[PDB]
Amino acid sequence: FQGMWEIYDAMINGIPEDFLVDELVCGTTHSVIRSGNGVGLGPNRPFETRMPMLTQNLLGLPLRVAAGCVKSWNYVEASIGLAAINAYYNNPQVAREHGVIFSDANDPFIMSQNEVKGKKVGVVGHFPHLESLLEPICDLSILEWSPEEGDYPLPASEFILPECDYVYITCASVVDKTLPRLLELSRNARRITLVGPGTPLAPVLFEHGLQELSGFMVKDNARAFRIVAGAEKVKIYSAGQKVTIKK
């Protein structure tokens, strides 16, 4: 169990050296990296404080070196590390080579409404409207760092997730390093899904305690950067397409 960096090492060690950090922006809600034609994203908080000097240095470095930042206990740095990971795996050509299907022109909660009916479901993270989609059809528990009124604080994971038939976890858990314990707590679910724009589309994760990955393919590189930089007052989803791979 306490080979806990293993899932991080698996992601990093899959990146070929040839890939460089060609572009990097650290916005209020996401960090974003381009390596060639591929763009990856990682989530930030408005709490956490910027690091303009780290940002400058990573330009030019191997993507795999920058991905080492994912392990940082500084969460803005870790978000950059996840952006670098996702610049490799979520490159449209790389993703296609690893068996991800999508168009050059969906939602995991909607996809699994039938499957989770009458079952116990645990969700870690804040997902808009999720209560409306899932609460009427299943026994739903939502766990967050800073819970809204019907929701549980994160320490409740120890108590709740082992009882769950299905578990969904925000990709923010990669950044804050809660993911490995969450995976162990959920290991007897029928299925565990990692969800959000910062999810790596990395089938190696299916060997590391996950059965589904629900992320995001950027189709408009230039636009994705506009949004992350705050130059468009728009959600990141405008710049691409949701994509899901199952084990």
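Throughout, we count residues from 1 along the sequence that is shown.
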Which fits the stretch between residue 105 and residue 106: none, 1 to 3, 4 to 9, or 10 or more deposited residues lacking coordinates?
-> 4 to 9
Comparing 231 to 239 with 19 to 27, which has the greater mean CA B-factor as deposited?
-> 231 to 239
Would you tell me which stretch averages the higher CA B-factor in the PDB entry, 122 to 130 or 107 to 115?
-> 107 to 115
Compare the CA B factors listed in the entry for 192, 195, 54, 69 and report the winner.
-> 54
Mind checking which third residue 135 falls in for C-alpha B-factor across the chain?
-> middle
Relative to the other modelled residues of the same chain, rank the CA B-factor of residue 62 and answer lowest, middle or highest third.
-> lowest
Residue 146 - Cα temperature factor, lowest/middle/highest third of chain = highest
Against its chain's modelled residues, does residue 101's Cα B factor rank lowest, middle or highest third?
-> highest
Determine, from the deposited record, the chain-internal third of the Cα B-factor for residue 94: lowest, middle or highest.
-> middle
